[PDB]
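As provided, entry17.cif (mmCIF, C-alpha atoms and all ligand atoms) reads as follows.
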```cif
data_input
#
loop_
_atom_site.label_atom_id
_atom_site.label_comp_id
_atom_site.auth_asym_id
_atom_site.auth_seq_id
_atom_site.Cartn_x
_atom_site.Cartn_y
_atom_site.Cartn_z
CA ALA A 1 -95.13 30.71 -33.90
CA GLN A 2 -92.64 28.79 -35.98
CA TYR A 3 -92.94 25.76 -33.65
CA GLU A 4 -96.55 25.02 -32.76
CA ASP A 5 -98.26 22.47 -30.58
CA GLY A 6 -100.07 20.19 -33.02
CA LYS A 7 -97.52 20.71 -35.83
CA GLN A 8 -94.00 19.56 -34.97
CA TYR A 9 -94.98 18.30 -31.52
CA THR A 10 -97.85 17.68 -29.15
CA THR A 11 -98.04 18.28 -25.40
CA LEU A 12 -98.94 15.55 -22.93
CA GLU A 13 -102.14 16.35 -21.08
CA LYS A 14 -100.71 14.34 -18.16
CA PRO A 15 -96.99 15.17 -17.88
CA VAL A 16 -94.60 12.51 -16.56
CA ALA A 17 -92.33 13.56 -13.70
CA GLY A 18 -88.78 12.21 -13.57
CA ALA A 19 -88.69 10.89 -17.17
CA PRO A 20 -85.44 10.69 -19.18
CA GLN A 21 -84.48 13.87 -21.04
CA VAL A 22 -84.85 12.16 -24.44
CA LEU A 23 -86.89 8.94 -24.49
CA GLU A 24 -87.51 6.93 -27.66
CA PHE A 25 -89.84 3.94 -28.08
CA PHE A 26 -89.55 1.51 -31.02
CA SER A 27 -90.45 -1.98 -32.12
CA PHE A 28 -88.38 -4.29 -34.28
CA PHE A 29 -91.70 -4.92 -36.14
CA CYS A 30 -92.21 -1.21 -36.94
CA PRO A 31 -91.45 -0.15 -40.55
CA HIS A 32 -90.70 3.53 -39.72
CA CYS A 33 -88.48 2.34 -36.84
CA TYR A 34 -86.50 0.28 -39.34
CA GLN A 35 -85.98 3.36 -41.47
CA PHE A 36 -85.15 5.52 -38.37
CA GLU A 37 -82.35 3.07 -37.61
CA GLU A 38 -80.87 2.13 -40.99
CA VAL A 39 -81.56 5.06 -43.37
CA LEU A 40 -82.38 8.20 -41.38
CA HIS A 41 -80.24 7.59 -38.28
CA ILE A 42 -82.64 9.63 -36.17
CA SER A 43 -81.08 8.91 -32.76
CA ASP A 44 -77.59 9.92 -33.83
CA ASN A 45 -78.72 13.06 -35.62
CA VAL A 46 -80.70 14.10 -32.55
CA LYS A 47 -77.69 13.37 -30.33
CA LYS A 48 -75.45 15.58 -32.42
CA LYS A 49 -77.81 18.51 -32.03
CA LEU A 50 -78.07 18.26 -28.25
CA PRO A 51 -75.39 19.32 -25.74
CA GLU A 52 -72.68 16.83 -24.82
CA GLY A 53 -73.63 14.31 -22.17
CA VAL A 54 -77.44 14.53 -22.36
CA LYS A 55 -79.14 11.24 -21.49
CA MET A 56 -80.97 9.54 -24.36
CA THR A 57 -82.91 6.37 -23.62
CA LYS A 58 -84.41 3.92 -26.11
CA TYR A 59 -86.92 1.24 -25.13
CA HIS A 60 -88.72 -1.55 -26.99
CA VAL A 61 -92.53 -2.07 -26.86
CA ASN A 62 -94.75 -5.11 -26.62
CA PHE A 63 -97.78 -4.19 -28.62
CA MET A 64 -96.59 -5.32 -32.10
CA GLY A 65 -95.87 -8.94 -32.84
CA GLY A 66 -97.70 -10.88 -30.13
CA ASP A 67 -95.49 -13.48 -28.40
CA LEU A 68 -92.42 -12.46 -30.35
CA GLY A 69 -93.01 -8.79 -29.55
CA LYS A 70 -92.64 -9.61 -25.84
CA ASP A 71 -89.64 -11.84 -26.60
CA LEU A 72 -88.02 -8.87 -28.37
CA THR A 73 -88.63 -6.56 -25.41
CA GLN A 74 -86.86 -9.11 -23.21
CA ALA A 75 -84.03 -9.42 -25.72
CA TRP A 76 -83.70 -5.63 -25.81
CA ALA A 77 -83.41 -5.76 -22.01
CA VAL A 78 -80.59 -8.29 -22.49
CA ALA A 79 -78.95 -5.98 -25.04
CA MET A 80 -79.14 -3.04 -22.60
CA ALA A 81 -77.85 -5.13 -19.70
CA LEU A 82 -74.83 -6.31 -21.74
CA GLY A 83 -74.30 -3.00 -23.51
CA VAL A 84 -74.50 -4.60 -26.98
CA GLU A 85 -77.36 -2.53 -28.48
CA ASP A 86 -75.14 -1.26 -31.31
CA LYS A 87 -74.15 -4.86 -32.21
CA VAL A 88 -77.67 -6.36 -32.45
CA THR A 89 -80.02 -3.59 -33.59
CA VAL A 90 -79.49 -3.91 -37.34
CA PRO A 91 -79.50 -7.75 -37.44
CA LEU A 92 -82.64 -7.85 -35.30
CA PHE A 93 -84.39 -5.35 -37.60
CA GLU A 94 -83.27 -7.25 -40.69
CA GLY A 95 -84.17 -10.65 -39.20
CA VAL A 96 -87.68 -9.45 -38.38
CA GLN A 97 -88.53 -7.30 -41.42
CA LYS A 98 -86.10 -8.06 -44.31
CA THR A 99 -85.21 -11.77 -44.24
CA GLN A 100 -88.05 -12.79 -41.87
CA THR A 101 -85.75 -15.35 -40.30
CA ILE A 102 -86.72 -14.42 -36.72
CA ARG A 103 -89.68 -16.60 -35.80
CA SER A 104 -88.87 -17.70 -32.24
CA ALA A 105 -86.94 -16.79 -29.13
CA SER A 106 -84.25 -19.22 -30.34
CA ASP A 107 -83.88 -17.24 -33.59
CA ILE A 108 -83.42 -14.06 -31.54
CA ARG A 109 -80.69 -15.75 -29.54
CA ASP A 110 -78.94 -16.75 -32.78
CA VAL A 111 -78.60 -13.06 -33.70
CA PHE A 112 -76.75 -12.42 -30.46
CA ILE A 113 -74.56 -15.51 -30.93
CA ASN A 114 -73.66 -14.39 -34.46
CA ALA A 115 -72.83 -10.92 -33.08
CA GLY A 116 -70.30 -12.51 -30.70
CA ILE A 117 -72.23 -12.67 -27.40
CA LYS A 118 -71.35 -16.00 -25.81
CA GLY A 119 -74.28 -18.36 -25.32
CA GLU A 120 -73.72 -18.78 -21.59
CA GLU A 121 -73.69 -14.99 -21.16
CA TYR A 122 -76.87 -14.52 -23.21
CA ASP A 123 -78.72 -17.21 -21.30
CA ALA A 124 -77.59 -15.96 -17.88
CA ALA A 125 -78.83 -12.45 -18.79
CA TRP A 126 -82.07 -13.67 -20.39
CA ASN A 127 -83.03 -15.45 -17.13
CA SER A 128 -81.70 -12.79 -14.72
CA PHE A 129 -83.76 -10.64 -12.38
CA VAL A 130 -81.72 -7.67 -13.59
CA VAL A 131 -83.30 -8.28 -17.03
CA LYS A 132 -86.78 -8.83 -15.54
CA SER A 133 -86.36 -5.40 -13.93
CA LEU A 134 -85.31 -3.85 -17.24
CA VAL A 135 -88.38 -5.39 -18.89
CA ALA A 136 -90.57 -3.86 -16.18
CA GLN A 137 -88.82 -0.52 -16.71
CA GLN A 138 -89.59 -0.56 -20.44
CA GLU A 139 -93.24 -1.43 -19.82
CA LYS A 140 -93.63 1.27 -17.15
CA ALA A 141 -92.12 4.04 -19.29
CA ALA A 142 -94.50 3.19 -22.15
CA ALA A 143 -97.54 2.83 -19.90
CA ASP A 144 -97.00 6.23 -18.35
CA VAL A 145 -97.97 7.76 -21.75
CA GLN A 146 -100.52 5.11 -22.81
CA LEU A 147 -98.19 4.62 -25.73
CA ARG A 148 -100.25 4.40 -28.90
CA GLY A 149 -97.75 3.83 -31.63
CA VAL A 150 -94.09 3.89 -32.55
CA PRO A 151 -91.63 5.35 -33.40
CA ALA A 152 -92.26 7.81 -30.55
CA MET A 153 -89.93 10.33 -28.91
CA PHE A 154 -90.65 12.22 -25.70
CA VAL A 155 -88.74 15.24 -24.45
CA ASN A 156 -88.52 15.87 -20.71
CA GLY A 157 -91.57 13.78 -19.98
CA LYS A 158 -93.68 16.59 -21.48
CA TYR A 159 -93.57 16.84 -25.27
CA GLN A 160 -94.03 14.18 -27.94
CA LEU A 161 -92.50 14.57 -31.38
CA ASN A 162 -95.01 14.75 -34.28
CA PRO A 163 -93.18 13.57 -37.43
CA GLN A 164 -96.45 13.50 -39.43
CA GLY A 165 -96.32 17.30 -39.41
CA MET A 166 -92.80 17.49 -40.92
CA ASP A 167 -91.40 17.50 -44.46
CA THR A 168 -91.62 14.21 -46.36
CA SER A 169 -90.12 15.11 -49.74
CA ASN A 170 -86.49 14.91 -48.64
CA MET A 171 -85.07 12.46 -46.12
CA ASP A 172 -82.39 14.80 -44.81
CA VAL A 173 -84.72 17.79 -44.49
CA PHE A 174 -87.07 15.60 -42.43
CA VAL A 175 -84.23 14.44 -40.17
CA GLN A 176 -83.08 18.05 -39.73
CA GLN A 177 -86.56 19.28 -38.82
CA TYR A 178 -87.00 16.39 -36.38
CA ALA A 179 -83.66 16.99 -34.64
CA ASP A 180 -84.13 20.77 -34.54
CA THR A 181 -87.54 20.19 -32.97
CA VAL A 182 -85.99 18.02 -30.27
CA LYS A 183 -83.44 20.76 -29.63
CA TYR A 184 -86.21 23.40 -29.39
CA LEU A 185 -88.24 21.27 -26.99
CA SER A 186 -85.17 20.54 -24.86
CA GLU A 187 -84.65 24.32 -24.46
CA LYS A 188 -88.24 24.95 -23.24
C1 LIG B 1 -95.79 7.25 -36.17
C2 LIG B 1 -94.61 7.82 -36.78
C3 LIG B 1 -94.96 8.29 -38.19
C4 LIG B 1 -93.99 8.93 -39.19
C5 LIG B 1 -94.46 9.76 -40.20
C6 LIG B 1 -93.56 10.32 -41.11
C7 LIG B 1 -92.21 10.02 -41.01
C8 LIG B 1 -91.19 10.60 -42.02
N1 LIG B 1 -91.04 9.62 -43.14
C9 LIG B 1 -90.64 10.18 -44.43
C10 LIG B 1 -90.20 9.03 -45.36
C11 LIG B 1 -88.99 9.31 -46.25
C12 LIG B 1 -88.88 10.76 -46.73
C13 LIG B 1 -88.92 11.76 -45.56
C14 LIG B 1 -89.57 11.22 -44.28
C15 LIG B 1 -91.76 9.18 -40.00
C16 LIG B 1 -92.64 8.64 -39.08
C17 LIG B 1 -96.33 8.02 -38.50
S1 LIG B 1 -97.03 7.32 -37.22
#
```
Go through the file and emit its structure as structure tokens.
Amino acid sequence: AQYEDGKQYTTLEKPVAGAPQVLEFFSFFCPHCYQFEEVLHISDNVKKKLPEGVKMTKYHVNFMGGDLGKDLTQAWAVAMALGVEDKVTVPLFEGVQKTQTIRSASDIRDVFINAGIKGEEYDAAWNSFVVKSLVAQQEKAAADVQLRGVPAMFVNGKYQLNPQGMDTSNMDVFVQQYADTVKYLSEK
């Protein structure tokens, strides 16, 4: 077939009931994730190829970056709780990988302050049980699939995108193949 298990996608030997329709995992330490955000715009190009109103979910992971990796998962929980993901994603990626100015939880907080989140609101969220629950939710989603590596995308709790099997000579051809694969998997 044109789409084959092992080529554009793989199939989970233990499928995950109840998972979000489109679920992405990333780390602010991950070099491909940086490109998926700033240069390839993978999430938006997938969204535009799926029907209106489909749920897409994006979670951070702990396994890169030690202490700061876990701090970034908690900050991503804050960003989700406050609905400011679009305001902090690029400065967090650049602070971790480009300028390397993010070395502590305090440096992470500065990114939110610079983006216009008030300090009192950041701190209240950071320490809230709503955020502790969002951290647990991110861990649980990743654990369900013994998540190996990022960037990872899962479709309907059943299929995992395989970007290693896609074109790499042209950025836009790769993005197109990736998004068309998501569409194909969503229609299975
Ligand atoms: C987990 C994810 C990956 C991966 C492998 C390949 C890609 C596509 N990157 C290229 C780089 C730029 C030109 C076209 C696409 C993106 C991610 C390897 S391991």
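The shortest atom-to-atom distance to ligand LIG 1 (chain B), with all atoms listed in the file taken into account, belongs to A:37 out of A:4, A:37, A:52, A:123.
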At a cut-off of 8 Å and counting all atoms listed in the file, what residues surround ligand LIG 1 (chain B)? Please answer as number ranges by chain.
A: 32-33, 36, 149-152, 162-175
Counting only C-alpha atoms, figure out which residue out of A:26, A:50, A:105, A:119 gets nearest to residue A:184.
A:50
Exercise: residue A:128 partners within 12 Å, only C-alpha atoms, chain neighbours under 2 positions left out, as a PyMOL selection string:
chain A and resi 74-75+77-78+81-82+121-126+130-135
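With all atoms listed in the file as the atoms that count, the residue of A:68, A:92, A:61, A:19 with the shortest distance to residue A:38 is A:92.
Relative to atom CA of residue A:182, atom CA of residue A:47 is found at 9.5 Å.
One finds atom CA of residue A:140 at 27.1 Å from atom CA of residue A:51.
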Could you name the residues that touch residue A:55 at 9 Å or less, counting only C-alpha atoms, but leaving out those on the same chain fewer than 5 positions away, as a ChimeraX atom specification?
/A:20-23
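Minimum distance to residue A:29 across A:102, A:147, A:64, A:90 (counting all atoms listed in the file) occurs at A:64.
As for atom CA of residue A:146 and atom CA of residue A:28, they are spaced 19.2 Å apart.
The nearest approach to residue A:154 among the residues A:109, A:71, A:1, A:141, with only C-alpha atoms taken into account, belongs to A:141.
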Just give me the residues with any atom within 12 Å of (-99.8, 20.1, -28.9), file coordinates, counting all atoms listed in the file, written as an mmCIF file with C-alpha atoms, in the frame of the given file.
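Listed below is the output, point31.cif:
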```cif
data_model
loop_
_atom_site.group_PDB
_atom_site.id
_atom_site.type_symbol
_atom_site.label_atom_id
_atom_site.label_comp_id
_atom_site.auth_asym_id
_atom_site.auth_seq_id
_atom_site.Cartn_x
_atom_site.Cartn_y
_atom_site.Cartn_z
ATOM 1 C CA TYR A 3 -92.940 25.760 -33.650
ATOM 2 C CA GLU A 4 -96.550 25.020 -32.760
ATOM 3 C CA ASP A 5 -98.260 22.470 -30.580
ATOM 4 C CA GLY A 6 -100.070 20.190 -33.020
ATOM 5 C CA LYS A 7 -97.520 20.710 -35.830
ATOM 6 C CA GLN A 8 -94.000 19.560 -34.970
ATOM 7 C CA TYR A 9 -94.980 18.300 -31.520
ATOM 8 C CA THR A 10 -97.850 17.680 -29.150
ATOM 9 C CA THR A 11 -98.040 18.280 -25.400
ATOM 10 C CA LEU A 12 -98.940 15.550 -22.930
ATOM 11 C CA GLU A 13 -102.140 16.350 -21.080
ATOM 12 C CA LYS A 158 -93.680 16.590 -21.480
ATOM 13 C CA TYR A 159 -93.570 16.840 -25.270
ATOM 14 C CA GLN A 160 -94.030 14.180 -27.940
ATOM 15 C CA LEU A 161 -92.500 14.570 -31.380
ATOM 16 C CA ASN A 162 -95.010 14.750 -34.280
ATOM 17 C CA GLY A 165 -96.320 17.300 -39.410
ATOM 18 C CA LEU A 185 -88.240 21.270 -26.990
#
```
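With only C-alpha atoms as the atoms that count, the minimum distance from residue A:54 to the choices A:84, A:79, A:145, A:155 is reached by A:155.
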Would you list the contacts of residue A:63 as a PyMOL selection string, taking every protein, DNA or RNA residue within 9 Å and counting only C-alpha atoms, but skipping same-chain residues closer than 2 positions in sequence?
chain A and resi 27+61+65-66+69-70+148-149
I need the chosen residues saved as an mmCIF file, in the coordinates of the input, with C-alpha atoms.
```cif
data_model
loop_
_atom_site.group_PDB
_atom_site.id
_atom_site.type_symbol
_atom_site.label_atom_id
_atom_site.label_comp_id
_atom_site.auth_asym_id
_atom_site.auth_seq_id
_atom_site.Cartn_x
_atom_site.Cartn_y
_atom_site.Cartn_z
ATOM 1 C CA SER A 27 -90.450 -1.980 -32.120
ATOM 2 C CA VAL A 61 -92.530 -2.070 -26.860
ATOM 3 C CA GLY A 65 -95.870 -8.940 -32.840
ATOM 4 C CA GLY A 66 -97.700 -10.880 -30.130
ATOM 5 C CA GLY A 69 -93.010 -8.790 -29.550
ATOM 6 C CA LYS A 70 -92.640 -9.610 -25.840
ATOM 7 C CA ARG A 148 -100.250 4.400 -28.900
ATOM 8 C CA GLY A 149 -97.750 3.830 -31.630
#
```
All file atoms of stretch 85-90 of chain A boxed axis-aligned, 5 Å per side, centre plus edges, as lines of an AutoDock Vina configuration file:
```
center_x = -77.1
center_y = -3.8
center_z = -32.9
size_x = 15.9
size_y = 15.1
size_z = 18.9
```
If I only have part of stretch 17-37 of chain A, can you fill in N, CA, C and O atoms and write it as a PDB file, in the coordinates of the input?
```pdb
ATOM      1  N   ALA A  17     -93.463  13.074 -14.477  1.00  0.00           N
ATOM      2  CA  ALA A  17     -92.330  13.560 -13.700  1.00  0.00           C
ATOM      3  C   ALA A  17     -91.187  12.538 -13.696  1.00  0.00           C
ATOM      4  O   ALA A  17     -91.406  11.323 -13.706  1.00  0.00           O
ATOM      5  N   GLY A  18     -89.956  13.050 -13.684  1.00  0.00           N
ATOM      6  CA  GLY A  18     -88.780  12.210 -13.570  1.00  0.00           C
ATOM      7  C   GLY A  18     -88.346  11.466 -14.822  1.00  0.00           C
ATOM      8  O   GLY A  18     -87.381  10.696 -14.753  1.00  0.00           O
ATOM      9  N   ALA A  19     -89.001  11.678 -15.968  1.00  0.00           N
ATOM     10  CA  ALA A  19     -88.690  10.890 -17.170  1.00  0.00           C
ATOM     11  C   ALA A  19     -87.307  11.246 -17.725  1.00  0.00           C
ATOM     12  O   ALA A  19     -86.765  12.315 -17.445  1.00  0.00           O
ATOM     13  N   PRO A  20     -86.718  10.358 -18.536  1.00  0.00           N
ATOM     14  CA  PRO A  20     -85.440  10.690 -19.180  1.00  0.00           C
ATOM     15  C   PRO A  20     -85.582  11.922 -20.060  1.00  0.00           C
ATOM     16  O   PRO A  20     -86.667  12.214 -20.567  1.00  0.00           O
ATOM     17  N   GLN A  21     -84.473  12.653 -20.227  1.00  0.00           N
ATOM     18  CA  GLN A  21     -84.480  13.870 -21.040  1.00  0.00           C
ATOM     19  C   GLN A  21     -84.966  13.583 -22.462  1.00  0.00           C
ATOM     20  O   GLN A  21     -85.853  14.271 -22.974  1.00  0.00           O
ATOM     21  N   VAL A  22     -84.394  12.579 -23.121  1.00  0.00           N
ATOM     22  CA  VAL A  22     -84.850  12.160 -24.440  1.00  0.00           C
ATOM     23  C   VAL A  22     -85.173  10.674 -24.358  1.00  0.00           C
ATOM     24  O   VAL A  22     -84.304   9.865 -23.991  1.00  0.00           O
ATOM     25  N   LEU A  23     -86.425  10.326 -24.640  1.00  0.00           N
ATOM     26  CA  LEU A  23     -86.890   8.940 -24.490  1.00  0.00           C
ATOM     27  C   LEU A  23     -87.540   8.496 -25.782  1.00  0.00           C
ATOM     28  O   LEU A  23     -88.540   9.085 -26.205  1.00  0.00           O
ATOM     29  N   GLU A  24     -87.003   7.444 -26.387  1.00  0.00           N
ATOM     30  CA  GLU A  24     -87.510   6.930 -27.660  1.00  0.00           C
ATOM     31  C   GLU A  24     -88.090   5.541 -27.427  1.00  0.00           C
ATOM     32  O   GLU A  24     -87.584   4.779 -26.588  1.00  0.00           O
ATOM     33  N   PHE A  25     -89.208   5.266 -28.099  1.00  0.00           N
ATOM     34  CA  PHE A  25     -89.840   3.940 -28.080  1.00  0.00           C
ATOM     35  C   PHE A  25     -89.851   3.394 -29.500  1.00  0.00           C
ATOM     36  O   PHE A  25     -90.132   4.126 -30.447  1.00  0.00           O
ATOM     37  N   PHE A  26     -89.582   2.086 -29.664  1.00  0.00           N
ATOM     38  CA  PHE A  26     -89.550   1.510 -31.020  1.00  0.00           C
ATOM     39  C   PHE A  26     -89.990   0.066 -30.912  1.00  0.00           C
ATOM     40  O   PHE A  26     -90.118  -0.479 -29.816  1.00  0.00           O
ATOM     41  N   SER A  27     -90.211  -0.547 -32.091  1.00  0.00           N
ATOM     42  CA  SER A  27     -90.450  -1.980 -32.120  1.00  0.00           C
ATOM     43  C   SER A  27     -89.650  -2.532 -33.297  1.00  0.00           C
ATOM     44  O   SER A  27     -89.600  -1.907 -34.359  1.00  0.00           O
ATOM     45  N   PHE A  28     -89.060  -3.717 -33.119  1.00  0.00           N
ATOM     46  CA  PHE A  28     -88.380  -4.290 -34.280  1.00  0.00           C
ATOM     47  C   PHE A  28     -89.353  -4.683 -35.391  1.00  0.00           C
ATOM     48  O   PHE A  28     -88.905  -4.993 -36.513  1.00  0.00           O
ATOM     49  N   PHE A  29     -90.665  -4.634 -35.132  1.00  0.00           N
ATOM     50  CA  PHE A  29     -91.700  -4.920 -36.140  1.00  0.00           C
ATOM     51  C   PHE A  29     -92.148  -3.685 -36.906  1.00  0.00           C
ATOM     52  O   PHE A  29     -92.850  -3.806 -37.922  1.00  0.00           O
ATOM     53  N   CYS A  30     -91.725  -2.522 -36.424  1.00  0.00           N
ATOM     54  CA  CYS A  30     -92.210  -1.210 -36.940  1.00  0.00           C
ATOM     55  C   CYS A  30     -91.419  -0.743 -38.166  1.00  0.00           C
ATOM     56  O   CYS A  30     -90.218  -0.564 -38.073  1.00  0.00           O
ATOM     57  N   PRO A  31     -92.112  -0.544 -39.306  1.00  0.00           N
ATOM     58  CA  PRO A  31     -91.450  -0.150 -40.550  1.00  0.00           C
ATOM     59  C   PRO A  31     -90.744   1.223 -40.505  1.00  0.00           C
ATOM     60  O   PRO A  31     -89.675   1.336 -41.007  1.00  0.00           O
ATOM     61  N   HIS A  32     -91.369   2.213 -39.880  1.00  0.00           N
ATOM     62  CA  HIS A  32     -90.700   3.530 -39.720  1.00  0.00           C
ATOM     63  C   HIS A  32     -89.478   3.383 -38.810  1.00  0.00           C
ATOM     64  O   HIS A  32     -88.480   4.047 -39.064  1.00  0.00           O
ATOM     65  N   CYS A  33     -89.592   2.537 -37.791  1.00  0.00           N
ATOM     66  CA  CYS A  33     -88.480   2.340 -36.840  1.00  0.00           C
ATOM     67  C   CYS A  33     -87.283   1.769 -37.611  1.00  0.00           C
ATOM     68  O   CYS A  33     -86.166   2.194 -37.369  1.00  0.00           O
ATOM     69  N   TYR A  34     -87.553   0.807 -38.484  1.00  0.00           N
ATOM     70  CA  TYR A  34     -86.500   0.280 -39.340  1.00  0.00           C
ATOM     71  C   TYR A  34     -85.812   1.379 -40.115  1.00  0.00           C
ATOM     72  O   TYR A  34     -84.580   1.433 -40.182  1.00  0.00           O
ATOM     73  N   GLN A  35     -86.593   2.254 -40.744  1.00  0.00           N
ATOM     74  CA  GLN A  35     -85.980   3.360 -41.470  1.00  0.00           C
ATOM     75  C   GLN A  35     -85.242   4.331 -40.537  1.00  0.00           C
ATOM     76  O   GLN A  35     -84.177   4.838 -40.898  1.00  0.00           O
ATOM     77  N   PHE A  36     -85.801   4.608 -39.342  1.00  0.00           N
ATOM     78  CA  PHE A  36     -85.150   5.520 -38.370  1.00  0.00           C
ATOM     79  C   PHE A  36     -83.781   4.994 -37.985  1.00  0.00           C
ATOM     80  O   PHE A  36     -82.858   5.773 -37.719  1.00  0.00           O
ATOM     81  N   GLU A  37     -83.632   3.673 -37.943  1.00  0.00           N
ATOM     82  CA  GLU A  37     -82.350   3.070 -37.610  1.00  0.00           C
ATOM     83  C   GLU A  37     -81.403   3.030 -38.808  1.00  0.00           C
ATOM     84  O   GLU A  37     -80.278   3.523 -38.712  1.00  0.00           O
TER      85      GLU A  37
END
```
